[PDB]
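Here is the file work-v3.tsv (TSV, C-alpha atoms).
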chain	number	residue	atom	x	y	z
A	1	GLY	CA	56.02	159.12	82.62
A	2	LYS	CA	54.85	155.89	80.87
A	3	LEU	CA	55.86	152.48	82.19
A	4	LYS	CA	58.09	150.59	79.75
A	5	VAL	CA	60.11	147.38	79.96
A	6	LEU	CA	63.80	146.76	79.30
A	7	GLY	CA	64.79	143.12	79.45
A	8	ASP	CA	67.11	140.31	78.45
A	9	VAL	CA	66.27	137.16	76.53
A	10	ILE	CA	67.72	134.16	78.42
A	11	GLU	CA	67.75	130.43	77.55
A	12	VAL	CA	66.28	128.42	80.49
A	13	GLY	CA	65.74	124.67	80.04
A	14	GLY	CA	65.89	125.08	76.24
A	15	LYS	CA	63.12	127.70	76.22
A	16	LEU	CA	63.61	131.43	75.66
A	17	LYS	CA	62.54	133.40	78.70
A	18	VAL	CA	62.60	137.09	79.55
A	19	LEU	CA	63.81	138.83	82.68
A	20	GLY	CA	63.42	142.57	82.77
A	21	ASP	CA	62.73	145.68	84.74
A	22	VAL	CA	59.87	148.09	84.56
A	23	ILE	CA	61.25	151.61	83.82
A	24	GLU	CA	59.63	155.04	83.60
A	25	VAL	CA	60.21	156.83	80.25
B	1	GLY	CA	75.40	140.59	69.64
B	2	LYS	CA	72.81	139.80	72.34
B	3	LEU	CA	69.01	139.50	72.47
B	4	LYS	CA	67.18	142.16	74.47
B	5	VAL	CA	63.52	143.07	75.03
B	6	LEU	CA	61.80	146.41	74.70
B	7	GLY	CA	58.15	146.47	75.74
B	8	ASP	CA	55.05	148.15	77.11
B	9	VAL	CA	53.19	147.55	80.38
B	10	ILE	CA	49.45	146.95	79.76
B	11	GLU	CA	46.48	146.31	82.09
B	12	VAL	CA	44.77	143.00	81.22
B	13	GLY	CA	41.93	141.75	83.44
B	14	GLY	CA	43.13	143.97	86.32
B	15	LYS	CA	46.69	142.57	86.19
B	16	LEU	CA	49.75	144.30	84.77
B	17	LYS	CA	51.15	142.43	81.76
B	18	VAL	CA	53.91	143.05	79.22
B	19	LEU	CA	53.89	142.94	75.42
B	20	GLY	CA	57.24	143.53	73.71
B	21	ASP	CA	59.64	142.89	70.88
B	22	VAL	CA	62.92	141.01	70.88
B	23	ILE	CA	65.73	143.23	69.57
B	24	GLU	CA	69.42	142.58	68.83
B	25	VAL	CA	71.80	144.91	70.78
C	1	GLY	CA	57.50	134.64	62.30
C	2	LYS	CA	58.80	137.53	64.49
C	3	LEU	CA	59.91	137.00	68.06
C	4	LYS	CA	57.63	138.78	70.53
C	5	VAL	CA	57.36	138.77	74.31
C	6	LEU	CA	54.36	138.08	76.53
C	7	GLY	CA	55.05	138.65	80.20
C	8	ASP	CA	53.88	139.50	83.70
C	9	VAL	CA	54.82	142.42	85.92
C	10	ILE	CA	55.77	141.12	89.38
C	11	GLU	CA	56.76	142.99	92.57
C	12	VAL	CA	60.11	141.61	93.85
C	13	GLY	CA	61.73	143.33	96.85
C	14	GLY	CA	59.62	146.45	96.22
C	15	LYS	CA	60.82	146.76	92.60
C	16	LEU	CA	58.73	145.95	89.53
C	17	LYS	CA	60.25	143.14	87.54
C	18	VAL	CA	59.17	141.28	84.43
C	19	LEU	CA	59.08	137.55	83.76
C	20	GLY	CA	58.00	136.50	80.30
C	21	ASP	CA	58.22	134.10	77.45
C	22	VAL	CA	59.47	134.62	73.96
C	23	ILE	CA	56.71	133.71	71.47
C	24	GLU	CA	56.62	133.55	67.67
C	25	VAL	CA	53.88	135.75	66.08
D	1	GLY	CA	47.45	156.02	78.90
D	2	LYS	CA	45.66	156.30	82.30
D	3	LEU	CA	46.83	157.02	85.87
D	4	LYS	CA	46.73	153.93	88.04
D	5	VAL	CA	47.73	153.19	91.64
D	6	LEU	CA	49.76	150.16	92.66
D	7	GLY	CA	49.89	149.66	96.41
D	8	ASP	CA	50.08	147.43	99.50
D	9	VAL	CA	47.69	147.13	102.45
D	10	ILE	CA	49.50	147.82	105.75
D	11	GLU	CA	48.29	147.79	109.40
D	12	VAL	CA	49.17	151.10	111.11
D	13	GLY	CA	47.91	151.68	114.68
D	14	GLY	CA	45.17	149.06	114.24
D	15	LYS	CA	43.85	150.69	111.03
D	16	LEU	CA	44.31	149.36	107.51
D	17	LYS	CA	46.15	151.82	105.31
D	18	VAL	CA	47.29	151.68	101.64
D	19	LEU	CA	50.80	152.79	100.66
D	20	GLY	CA	51.14	153.07	96.93
D	21	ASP	CA	52.66	154.80	93.90
D	22	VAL	CA	50.92	156.50	90.99
D	23	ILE	CA	51.89	154.87	87.69
D	24	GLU	CA	50.95	155.63	84.07
D	25	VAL	CA	49.59	152.56	82.18
E	1	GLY	CA	31.88	143.33	103.15
E	2	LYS	CA	34.46	144.10	100.43
E	3	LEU	CA	37.65	145.99	101.20
E	4	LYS	CA	37.83	149.24	99.23
E	5	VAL	CA	40.44	152.04	99.08
E	6	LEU	CA	39.98	155.83	99.17
E	7	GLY	CA	42.92	158.20	99.18
E	8	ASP	CA	44.59	161.45	98.20
E	9	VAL	CA	47.52	161.62	95.82
E	10	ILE	CA	50.52	163.37	97.45
E	11	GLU	CA	53.90	164.50	96.01
E	12	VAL	CA	56.78	162.93	98.00
E	13	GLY	CA	60.34	163.50	96.75
E	14	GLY	CA	59.05	164.33	93.25
E	15	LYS	CA	57.06	161.07	93.00
E	16	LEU	CA	53.28	160.76	93.28
E	17	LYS	CA	52.28	158.57	96.22
E	18	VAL	CA	49.05	157.64	98.08
E	19	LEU	CA	48.66	156.96	101.86
E	20	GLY	CA	45.03	155.94	101.67
E	21	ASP	CA	42.46	154.31	103.87
E	22	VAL	CA	41.14	150.76	103.54
E	23	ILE	CA	37.39	150.76	104.26
E	24	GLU	CA	34.78	147.92	104.44
E	25	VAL	CA	31.82	148.57	102.06
F	1	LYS	CA	49.80	139.67	100.52
F	2	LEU	CA	47.03	142.33	100.20
F	3	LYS	CA	47.54	144.66	97.24
F	4	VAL	CA	45.54	147.35	95.39
F	5	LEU	CA	45.42	148.19	91.62
F	6	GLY	CA	43.10	151.18	91.71
F	7	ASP	CA	42.38	154.15	89.51
F	8	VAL	CA	43.53	157.73	89.89
F	9	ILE	CA	40.66	160.09	89.07
F	10	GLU	CA	40.46	163.90	88.92
F	11	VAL	CA	37.62	164.92	91.29
F	12	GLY	CA	37.25	168.71	91.54
F	13	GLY	CA	40.87	169.51	90.55
F	14	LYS	CA	42.32	167.03	93.06
F	15	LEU	CA	43.68	163.58	92.32
F	16	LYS	CA	41.81	160.90	94.27
F	17	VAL	CA	42.12	157.08	94.34
F	18	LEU	CA	39.47	154.34	94.21
F	19	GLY	CA	40.29	150.68	94.10
F	20	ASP	CA	39.71	147.16	95.34
F	21	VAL	CA	41.90	145.19	97.65
F	22	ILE	CA	43.21	142.01	95.95
F	23	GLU	CA	45.26	139.05	97.24
F	24	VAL	CA	48.54	138.44	95.33
Whole structure given in structure tokens:
Amino acid sequence: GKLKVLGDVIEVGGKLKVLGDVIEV
Amino acid sequence: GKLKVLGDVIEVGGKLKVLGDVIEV
Amino acid sequence: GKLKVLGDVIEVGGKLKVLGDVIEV
Amino acid sequence: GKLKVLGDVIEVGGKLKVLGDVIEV
Amino acid sequence: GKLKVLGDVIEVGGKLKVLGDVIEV
Amino acid sequence: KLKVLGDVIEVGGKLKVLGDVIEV
């Protein structure tokens, strides 16, 4: 029911960024 | 062996934001 | 000390995605 | 832990309608 | 002057949706 | 793009929606 996030940590231009999806759990 | 993200969706100033933890999977 | 995530929920092609930054807290 | 609505404004037969999903935040 | 939304929550394919009206208040 | 982030509220046993139109 609640909206959660599942993502990956990626290195972009030397900085750590996050790309993920919103999931229902 | 890789860095993943597990988080929660939160409402901040009318916008949907994410607060999460970096985990090793 | 710990790696946390601060991000935004964005609507991309009708799906809810997350873009965020890894931060040290 | 509240029910929210995330939606788009669409023009249907000259009237403005909202098409959205109920989410738990 | 402002655009507001009023609608009913409907169950479509097991998901809760809204097909609401946009009204000027 | 015109969007809405409104609230779902229980009004006499039925779920209703109230919100504001925002530009995103």
Report as JSON lines: every residue of chain A with an atom at most 7 Å from chain C, its closest pair of atoms, and their distance in Å to one decimal, counting all atoms listed in the file, with rows sorted by chain and ascending residue number.
{"residue": "A:16", "atom": "CA", "partner": "C:22", "partner_atom": "CA", "distance": 5.5}
{"residue": "A:17", "atom": "CA", "partner": "C:21", "partner_atom": "CA", "distance": 4.6}
{"residue": "A:18", "atom": "CA", "partner": "C:20", "partner_atom": "CA", "distance": 4.7}
{"residue": "A:19", "atom": "CA", "partner": "C:19", "partner_atom": "CA", "distance": 5.0}
{"residue": "A:20", "atom": "CA", "partner": "C:18", "partner_atom": "CA", "distance": 4.7}
{"residue": "A:21", "atom": "CA", "partner": "C:17", "partner_atom": "CA", "distance": 4.5}
{"residue": "A:22", "atom": "CA", "partner": "C:16", "partner_atom": "CA", "distance": 5.5}
Determine, using all atoms listed in the file, which residues of chain F have any atom at most 12 Å from an atom of chain C, and tabulate each with its shortest atom pair and distance in Å to one decimal place, rows ordered by chain and then rising number, as a Markdown table.
| residue | atom | partner | partner_atom | distance |
| --- | --- | --- | --- | --- |
| F:1 | CA | C:11 | CA | 11.1 |
| F:3 | CA | C:11 | CA | 10.5 |
| F:24 | CA | C:10 | CA | 9.7 |
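Counting from atom CA of residue 21 of chain F, the distance to atom CA of residue 7 of chain F is 12.1 Å.
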